[PDB]
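Examination of the molecular architecture
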Amino acid sequence: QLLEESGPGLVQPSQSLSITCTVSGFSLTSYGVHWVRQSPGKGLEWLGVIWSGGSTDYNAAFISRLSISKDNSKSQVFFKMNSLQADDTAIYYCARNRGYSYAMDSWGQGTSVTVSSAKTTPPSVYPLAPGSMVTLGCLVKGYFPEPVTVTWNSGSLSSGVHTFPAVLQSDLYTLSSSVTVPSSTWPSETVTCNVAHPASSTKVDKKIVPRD
Amino acid sequence: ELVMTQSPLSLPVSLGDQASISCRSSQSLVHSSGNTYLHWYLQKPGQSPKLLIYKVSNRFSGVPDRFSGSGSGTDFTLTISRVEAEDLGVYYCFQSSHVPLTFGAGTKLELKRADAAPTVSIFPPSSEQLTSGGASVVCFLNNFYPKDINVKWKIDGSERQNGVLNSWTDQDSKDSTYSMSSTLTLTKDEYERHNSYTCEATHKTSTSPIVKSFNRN
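Residues numbered from 1 in each chain as written, not as in the entry; some residues may be left out. Chains lettered and ligands numbered in written order. Heavy atoms only, no water.

Describing the overall build of chain B
The helix and strand tally for chain B stands at 2 helices and 19 strands. Taking 2.2 N^0.38 as the reference for a compact globule, 217 residues should give roughly 17 Å; the C-alpha atoms of chain B span a radius of gyration of 23 Å, well beyond that estimate. Put simply, chain B has 217 residues, and 47% of those count as buried. The contacts of chain B with a sequence gap of at least 6 include a subset with a gap of at least 24, amounting to 59%. Approximately 9900 Å² of chain B is accessible, and the part contributed by carbon and sulfur atoms is 46%. Where the 20 positive side-chain charges of chain B centre and where its 20 negative ones centre are 3 Å apart. (Helix = DSSP H or I, 4+ residues; strand = E, 2+ residues; numbered from the N terminus. Rg over C-alpha atoms; globule rule 2.2 N^0.38 Å. Buried < 20%, exposed > 50% of the residue type's maximum accessible area, 1.4 Å probe, protein only. Contact = heavy atoms within 4.5 Å. Areas by Shrake-Rupley, 256 points an atom, 1.4 Å probe, with all protein chains shown as cover. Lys, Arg positive; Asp, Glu negative; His and termini not counted. Charge placed at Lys NZ, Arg CZ, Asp CG, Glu CD.)

Structure representation (structure tokens):
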């Protein structure tokens, strides 16, 4: 059994989200398929389902803008949601209904959807030096979309690193990362913050040096 | 509506202990067919939820016997007789007896360890960012436990709650601690307008808060 969502990734608010779930190893005429999403703010939410028989059921809070259909012969289930708003940003999954148990058993890997009007924007990378061990940092501010990858000394320095989840500010993402090294290694030895933003094809190598 | 209340929200355990997670519904989950469609799922980071127990107490395929479900009507409990590292994650109850089908808010099964105070470091805006016309003051609170912690920002002795953005890491794989990052965002004029910046961390490991400051000079 295998379900796989195929979706747009980025969607602008007010527009719509279409996702195709292609299944293998079983027949849609034998098992219903559910759609569920997951976001930090709302946890797991069931959106609706299309039963083996072909009828559908929807979560009342979405029915006005949600539609699910399928093509039994092509083993594909189609999900379409309109009038997306920022809080529709989430991971969307299709999952098989395990017949009479009415529990989802096989899940697709999920497709991440970001609802935003923001345009691709590379990050501003600022070095964070202090004003025994020493903690240095890096602020990666104002980028879009996710994700960016932060490494230290091009990946050579991996222990003592804490890269924090990005947060949204003014519709752009900002995140920080800290590394802690023995004070006898910095600034005597070079410490660099390495940032990559795939979407804008940019990389930044910011050396961390003392202030003033 | 049909609300699913999962308890507790966080459940710290030591490998080997028994763990019990509860789920209570605002209405009976006995469906008109006579079946009770209450299920349990376990979700790990970066993964989709995995089914453990279906219809109250039926272990799903490939689920070790240490897991068992019980309960009826509106009260349900999932039990792990002897917790193993691979059991760590977030557990969710799911009911499909009433439409809309709903999930509980989840219970995080986490690993306990000795309490640990946060290592706090404060950072003034980089001159690079200052040149750009902005100002962010950053504070890291690293490797602490438990995860409950309070961070307060003070500008010239005055507490600031607006313009603060916080981010937290998941329980660390090697030492089981948590870390947090807090950023005070200001306009450059605001920043240049004050001198003393303080990051104050209050954690149970100490009656006294940990204070880190700098003076723009």
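Focus: the sheet that holds strand β7 (residues 67-72) of chain B
The strands making up a sheet associate through backbone hydrogen bonding, with each pair oriented either parallel or antiparallel. Residue and element names in this part refer to chain B. Taken in spatial order, the 4 strands make up an open sheet running β1-β3-β8-β7, and their pairing is antiparallel. For this open sheet the edge positions go to β1 (4-7) and β7, each flanked by a neighbour on one side alone. Each neighbouring strand pair of the sheet contributes to a mean axis angle of 15°, computed without reference to strand direction. Relative to strand β8 (residues 75-80), β7 is paired through 6 bridges, and the arrangement is antiparallel. Each bridged residue has a counterpart across the sheet, and for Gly71 the counterpart in β8 is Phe76. (Pairing = 2+ DSSP bridges. Axes fitted to C-alpha atoms, helices over the stretch in contact; angles between N-to-C directions.)

A closer look at the domain arrangement of chain B
Residue and element names in this part refer to chain B. For chain B, the assigned domains read domain 1 (1-113) and domain 2 (115-214). On a C-alpha basis, the centroid separation for the pair domain 1 and domain 2 is 36 Å. Between domain 1 and domain 2, the residue contacts involve 7 residues of the former and 9 residues of the latter. Across the interface of domain 1 and domain 2, roughly 690 Å² is buried in total on both sides, 40% from carbon and sulfur atoms. Our enumeration of links across domain 1 and domain 2 arrives at 1 salt bridge. For the pair domain 1 and domain 2, the number of links is 4 residue pairs in polar contact. When contributions to the side of domain 1 that touches domain 2 are tallied by element, the ones reaching two or more residues are β2 (10-13) and β11 (107-111). Looking at the side of domain 1 that touches domain 2, the element that brings in the most residues is β11, giving 3 residues. Residue composition of the side of domain 1 that touches domain 2, grouped by class: 2 nonpolar, 1 polar and 4 charged. (Domains from an automatic or database assignment. Buried area = accessible area lost by both parts, 1.4 Å probe. Salt bridge = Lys/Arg side-chain N within 4 Å of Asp/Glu carboxyl O. Polar contact = N/O pair within 3.5 Å; in protein donor to acceptor, adjacent residues only side chain to side chain. Nonpolar A, V, L, I, M, F, W, Y, C, P; charged D, E, K, R; others polar.)

A short note on the nonpolar core
Residues B:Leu38, B:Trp40, B:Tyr41, B:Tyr91 and B:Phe103 are the most contacted members of the largest nonpolar core, which totals 41 residues. For this core, the leading source of residues is strand β9 (residues 89-95) of chain B, giving 5 residues. Each residue touching B:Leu38, except ones within four places of it in the same chain, is listed here: B:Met4, B:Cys23, B:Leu29, B:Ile53, B:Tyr54, B:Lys55, B:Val56, B:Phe76, B:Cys93 and B:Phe94. Counting residues in each nonpolar core, the second largest holds 25 residues, with A:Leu28, A:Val33, A:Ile50 and A:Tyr58 among its members. (Core = buried A, V, L, I, M, F, W, Y, C linked by side-chain atoms within 4.5 Å.)

Thoughts on the interface of chain B and chain A
Every contact between the two is made by 41 residues of chain B and, on the other side, 40 residues of chain A. Carbon and sulfur atoms supply 66% of the area buried between chain B and chain A, which totals about 3300 Å² over both sides. Across the contact surface, chain B and chain A share 0 salt bridges. Across the contact surface, chain B and chain A share 16 residue pairs in polar contact. In terms of residue count, the dominant contributor to the side of chain B that touches chain A is strand β13 (residues 134-144) of chain B (5 residues). Classifying every residue of the side of chain B that touches chain A gives 20 nonpolar, 18 polar and 3 charged.

Overview of the pairing of strand β11 (residues 111-115) of chain A
Residues and elements named next belong to chain A. Most of β11 sits inside the fold, with 4 of its 5 residues counted as buried. Relative to β11, strand β2 (residues 10-11) runs parallel, the two sharing 2 bridges. Within β11, the position partnered with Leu10 by the bridge is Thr114. By the bridge criterion, 3 bridges tie strand β9 (residues 90-97) to β11 in an arrangement that is antiparallel. Bridge pairing links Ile91 to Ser112 in β11.

Re the pairing of β1(B)
Residue and element names in this part refer to chain B. Side chains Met4 and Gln6 of β1 all project onto a buried face; the interleaved residues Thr5 and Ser7 project onto a face where none is buried. Relative to strand β3 (residues 19-25), β1 runs antiparallel, the two being bridged by 4 bridges. Bridge assignment links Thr5 to a residue of β3, and that residue is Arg24.

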